[PDB]
Structures are given as C-alpha cells and as structure tokens.
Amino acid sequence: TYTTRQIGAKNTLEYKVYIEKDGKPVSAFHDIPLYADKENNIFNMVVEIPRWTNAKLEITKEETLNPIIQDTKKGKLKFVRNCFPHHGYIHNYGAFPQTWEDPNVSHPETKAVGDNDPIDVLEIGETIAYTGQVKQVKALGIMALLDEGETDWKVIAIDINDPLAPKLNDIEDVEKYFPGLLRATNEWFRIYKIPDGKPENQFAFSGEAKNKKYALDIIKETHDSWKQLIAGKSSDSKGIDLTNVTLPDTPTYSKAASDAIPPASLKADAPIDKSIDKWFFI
C-alpha cells in the first residue's frame, strides 16, 4: 500500500513528499515497480504535479530516497506561468519510476541526448491527482518532445479507475473522447517556457502522438536505461542518488535509508506570490 509522508507546508522551500510502502519511506525513483501488472501493461505512475497547479514539483535526483520537492529559481520556488488559454499544468503530471532518459547517448528518434530524468507521464483522467500519489495507469500513446534540445518523451496515459478507462485503449481514443486535448498538449509543451525567456520547444514527428505499441517500446527502452543506471553500470550517473531500500543486489542498496527519514510534519499550504496569477498571451 502506497501512502505519503509530508514534511513542511506546500509552497515552501522545506516542503518534501516521500512515498511510503507499508508506512516505510522508499525511493520514489527506484523502489516503486514500473509495472503494477506486467502482463496487462498497467504501470505505476508517480504523480508530481496536480492538474491546474503551477509549482514545478519533481522526484529529486539529488536527495536520498528521491522525495518530491519543488524546484528553485534564484533562491525562490519555481513555478510555471499561466499561458493562455491554459491554467498551470493541463494534465496530472508525473513520471514512471525505474526509468531514465539516458543523457549520455543520443536517442535516434529525436537525435538528442535524454534529459537525465525518469520518463514523463501525462495522466488525462477527470480527477485531479495529489502530489506523491502512486496511481495505476494504462498507456495510450507518446509524444516526442525536445525540451530545450533534450529528448523528453511524454507518455499519454489514463488512471484505470477513471470512468472512461474501459473505452480508452489506444491513442486514437484520446481525440475521440477528449477532442482538442492532444493539440493543446502539443501547444502547451511548445510554449510554456517562453514567459521564462526560453525559446519555443519542438517535437519530432511534427508533433504526432505515436500509438500504444510505440509508447511501450520507448518505455521499455527507458526502463532498460534505468536498469543499467541502478546497477552502477552507467558511464556517468550524473551524481544521481541511487540509494534504495528494495533492491538488495544493487551497489547502493541500504535499508537504513528508510529509517533515517524524519517523521511527517504536515503544515497547511503556504501562500503563493500573486505574480503567479498572471496570464501570458504568447
């Protein structure tokens, strides 16, 4: 059973969310199995950012057990700006654990090195997710985002508990039940960083969302890269903390890491600067 342990108040620099397995903190990056059901390709998706929020929360590569923490910018919290007609993130945003976009080699489909992070997932169900949630999802497709020149695949998925889950089985079903969502997805990822002064992003395949079969192949590739990484066999792990508490045959295995985590110290959400309210027309 997966639960969360929150340190601090949301929207503060001290805020951390560890994922617990039977009450014990585990690595959100390495200890959560990629598959909830291997035979049926049902994946475990770690949610970082709830739909319509702005905080750039992420499984941290630099801290032990990789808790979800907010990224920083010039000493303060990092937030994505609202880009008309969108409000914050337009998907329950997260990643699949036990995956890695290898930054050491150039990926052929995109002709660029990976972004050094677990593969990303866009969960399109109706219910807004919570930070640290581990939900079970079906893969529907994938888009080849080049984010600031780096391979940055976006898997399109749906929570198996969603009322529409039974009807969503491949990429064509997203346009059938969520018309316009894919085009908006393409747009959002192209322009979301422009308010921060970054250039517009680009997609391979002219922004085409590849199907489930394709998605599964890429997911497997990123899972294989993580297998090499966690074994300590990457040519360069980029200082990522590979500490884990469920993989005994790995060099960085350490059960005590779980017991070192401070107890929950939940505090109510802290105020977010009103500047984040701003709607950008770009």
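Each residue number is its position in the shown sequence, starting from 1.
Mean CA B-factor: is it higher for 267-275 or for 13-21?
-> The stretch with the larger mean CA B-factor is 267-275.
Determine, for stretches 34-42 and 220-228, which one has the higher mean CA B-factor as deposited.
-> Stretch with the higher mean C-alpha B-factor: 34-42.
Quick one: which of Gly180, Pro118, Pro163, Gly75 has the biggest Cα B-factor according to the entry?
-> That would be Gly75, according to the entry.
From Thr243, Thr53, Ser237, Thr60, which pick has the Cα B-factor that tops the rest in the entry?
-> Max CA B-factor in the entry, restricted to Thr243, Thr53, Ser237, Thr60: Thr60.
State the tercile, meaning the lowest, middle or highest third, of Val47 with respect to the CA B-factors recorded for its chain.
-> As the PDB entry reports it, the C-alpha B-factor of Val47 lands in the lowest third of its chain.
B-factor third for the C-alpha atom of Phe29 within its chain | Bottom third by C-alpha B-factor.
Consider only the C-alpha atoms of the modelled residues in this chain, order them by B-factor as the entry records it, and name the third containing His87: lowest, middle or highest.
-> According to the entry, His87 has a C-alpha B-factor in the chain's lowest third.
Just say lowest, middle or highest third for the CA B-factor of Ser106 relative to the other modelled residues in its chain.
-> Ranked within chain, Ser106 CA B lands in the highest tercile.
By its CA B factor, does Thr64 count among the lowest, middle or highest third of the modelled residues in the chain?
-> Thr64: CA B-factor falls in the middle third of its chain.
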